[PDB]
Amino acid sequence: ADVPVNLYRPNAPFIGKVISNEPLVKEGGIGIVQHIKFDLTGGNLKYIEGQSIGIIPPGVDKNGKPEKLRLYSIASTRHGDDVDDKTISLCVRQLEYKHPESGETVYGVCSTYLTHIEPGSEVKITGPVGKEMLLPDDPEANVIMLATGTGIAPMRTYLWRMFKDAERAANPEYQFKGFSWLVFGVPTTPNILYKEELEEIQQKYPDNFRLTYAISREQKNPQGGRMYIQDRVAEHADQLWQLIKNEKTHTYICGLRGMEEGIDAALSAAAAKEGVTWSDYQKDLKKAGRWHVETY
Ligand SMILES: Cc1cc2nc3c(=O)[nH]c(=O)nc-3n(C[C@H](O)[C@H](O)[C@H](O)COP(=O)(O)OP(=O)(O)OC[C@H]3O[C@@H](n4cnc5c(N)ncnc54)[C@H](O)[C@@H]3O)c2cc1C
Ligand SMILES: NC(=O)c1ccc[n+]([C@@H]2O[C@H](COP(=O)([O-])OP(=O)(O)OC[C@H]3O[C@H](n4cnc5c(N)ncnc54)[C@H](OP(=O)(O)O)[C@@H]3O)[C@@H](O)[C@H]2O)c1
């Protein structure tokens, strides 16, 4: 052990308490993505970067059976947002879809519950879960973050642990010296979750953190379509591949499914110029624990 896993399971979950539920999507954006913080005092839920936790929503489904957990990537570092080892945070988007056929807009159960949760409320938290999105202990490692929407959550945990002054002071063991690159694909600028903090990290650390955005409603790719994270990985395909070649580099992909086939096609052309088949180099990176994916 070292990596915490399942200190709380579904049968007897941690009764956490909401401290804050703040909006991430600013005025003019598409959606509601909230940053919810939960009090962890009273128990022993310790968690690490890249992990997730479950939230069991209240109520029953359409069949009468209780609602089962929904996994959410932790948006905070092990220390929490206030760097006190007392809280855990999440970056939750309210699932919403206008009809598979009929009855109009539908709202996701756990996501709506969470995006509208009030401070002081008790929540059923399980977790931590996941050994697939962990950050290397090596401060000199390079890390490529490929995020879309709520997949910004685990990237935030790496970036804050690496770049927040208080996190640095709390971690003498991890004083990040490498290069991290976030390619974040959101539909509008107000939809850039944690824009202020992401940008102020890139300002303090120009040579250590590069920030690339693919904003769908304000940018077009070289083919005239809307700008997606794949288009962005495509225009920087060579550089991205030149970094992937390093033994210390780690790549993280997170967000809803669908972005993986474009990131691959792009990194394939890059890699093919030097004689290597990306998919086979990738297979080896996964076995090596250096190519991390979590799409949902
Ligand atoms: C490891 C992991 C990490 C995750 N991290 C996050 C995170 O950080 N943030 C986050 O917001 N979510 C995250 N999720 C997703 C989250 O677990 C829930 O799946 C999501 O919040 C929706 O659950 P819900 O309770 O709102 O909806 P439910 O009520 O369970 O929704 C039920 C159904 O809605 C559906 N559906 C979704 N979109 C459509 C559509 N467009 N058209 C038709 N049907 C549709 C599917 O049929 C699904 O079965 C993560 C999932 C996993 C596995
Ligand atoms: N209206 C409400 O009050 C309410 C509440 C909650 C949520 N909504 C949900 O909130 C969400 C926004 O959250 P966010 O800030 O986390 O951003 P986001 O939606 O995660 O960003 C991801 C991207 O997926 C799209 N994507 C589309 N086509 C694609 C393709 N070919 N390849 C790859 N990706 C594609 C979207 O583009 P385009 O859409 O531009 O094509 C979008 O920019 C919305 O999707 C919304 O439906 C509504």
Side-chain angles (χ1 to χ4, degrees), residues 23-36 50-63 67-76 88-97 100 103 106-117 126-133 146-157 183-195 213-221 223 225-234 252-263 265-266 292-296:
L24 259 18
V25 168
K26 307 287 168 192
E27 39 172 44
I30 300 297
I32 289 166
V33 181
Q34 306 283 119
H35 188 75
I36 322 152
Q51 291 199 289
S52 304
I53 40 151
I55 289 299
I56 303 168
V60 296
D61 57 5
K62 64 194 69 182
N63 304 308
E67 288 282 1
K68 185 76 273 100
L69 66 97
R70 268 81 156 161
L71 281 192
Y72 291 100
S73 297
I74 300 171
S76 60
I88 186 161
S89 290
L90 299 180
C91 171
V92 188
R93 175 229 283 224
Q94 176 183 276
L95 173 65
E96 186 189 296
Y97 52 100
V106 191
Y107 295 98
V109 185
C110 188
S111 68
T112 308
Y113 157 62
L114 278 170
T115 50
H116 291 78
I117 200 62
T126 66
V129 175
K131 283 181 185 176
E132 172 70 17
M133 291 297 269
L146 302 176
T148 58
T150 49
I152 184 83
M155 310 324 183
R156 196 205 176 240
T157 76
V183 181
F184 191 17
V186 277
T188 70
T189 284
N191 272 111
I192 299 170
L193 315 176
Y194 320 110
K195 197 189 79 191
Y213 301 129
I215 312 148
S216 316
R217 308 299 185 107
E218 312 171 14
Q219 310 174 333
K220 304 284 171 262
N221 57 37
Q223 303 90 243
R226 306 280 204 57
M227 180 83 67
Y228 293 120
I229 183 195
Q230 299 106 115
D231 298 309
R232 233 80 228 217
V233 173
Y252 301 84
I253 296 175
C254 199
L256 300 155
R257 302 171 201 116
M259 15 100 83
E260 298 128 284
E261 58 152 48
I263 291 181
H292 314 82
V293 188
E294 193 169 272
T295 47
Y296 38 84

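These numbers come from the heavy atoms of this one structure, side chains and all, not from hydrogens, waters or symmetry mates. Whatever order the structure lists them in is the order used to number ligands and atoms, beginning at 1. Numbers here are sequence positions counted from 1.
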Proximity winner for atom 41 (O) of ligand 2, if only heavy atoms of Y97, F184, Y228, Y107 are counted:
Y228
Contact region, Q94 to ligand 1, non-hydrogen atoms below 4.0 Å, reads neither
With side chain to side chain contact (heavy atoms under 4.5 Å, CB included) as the criterion, how do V233 and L146 come out once you've worked through the C-alpha distance, each side chain's angles and the decisive distance to 0.1 Å?
CA-CA 9 Å; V233 173; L146 302 176; 3.9 Å; yes
Given that the side chain starts at C-beta and the backbone is N, CA, C, O, which of these parts of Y72 lies under 4.0 Å from ligand 1, counting heavy atoms, or is it both or neither?
both
For atom 42 (C) of ligand 2, the option (of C91, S216, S111) bearing the nearest heavy atom
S216
Is it the side chain, the backbone, both or neither of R93 that has a heavy atom closer than 4.0 Å to ligand 2?
side chain
Give the numbers and elements of all ligand 2 atoms closer than 4.0 Å to a heavy atom of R226.
38 (P), 40 (O), 41 (O)
By number and element, which atoms of ligand 2 are closer than 4.0 Å to a non-hydrogen atom of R217?
38 (P), 39 (O), 40 (O)
Should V33 be counted as touching ligand 2, given the test is an N or O pair under 3.5 Å?
no
Pairs meeting criterion side chain to side chain donor-acceptor pair (under 3.5 Å) with involvement of residues 184-195, two or more places apart:
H35-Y194, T188-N191, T189-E218
Return yes or no for this condition: an N or O of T112 is under 3.5 Å from an N or O of ligand 1.
no
Would you mind telling me if ligand 2 is within reach of the side chain of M259, the backbone, both or neither, using heavy atoms under 4.0 Å?
neither
Considering only heavy atoms of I30, which atoms of ligand 2 have at least one such atom less than 4.0 Å away?
10 (O), 11 (C), 12 (C), 13 (O), 44 (C)
Purely on distance, is any nitrogen or oxygen of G185 under 3.5 Å from one on ligand 2?
yes
Side chain, backbone, both or neither: which part of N191 comes within less than 4.0 Å of ligand 2 when only heavy atoms are counted?
both
Considering only distance and modelled atom types, tabulate donor-acceptor pairs under 3.5 Å from the side chains of residues 53-63, sequence neighbours left out.
residue: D61; atom: OD1; partner: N63; partner atom: N; Å: 3.3
residue: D61; atom: OD1; partner: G64; partner atom: N; Å: 3.3
residue: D61; atom: OD1; partner: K65; partner atom: N; Å: 3.0

Counting from 1 in the order shown, the ligand 1 atoms closer than 4.0 Å to a non-hydrogen atom of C110 are 24 (P), 25 (O), 26 (O)
For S111 and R70, run side chain to side chain contact (heavy atoms under 4.5 Å, CB included): C-alpha distance rounded to whole Å, both residues' side-chain angles, the deciding distance at 0.1 Å, then the answer.
CA-CA 9 Å; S111 68; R70 268 81 156 161; over 6 Å; no
Ignoring hydrogens, just give me the one of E67, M133, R70, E96 whose non-hydrogen atom is nearest atom 28 (P) of ligand 1.
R70
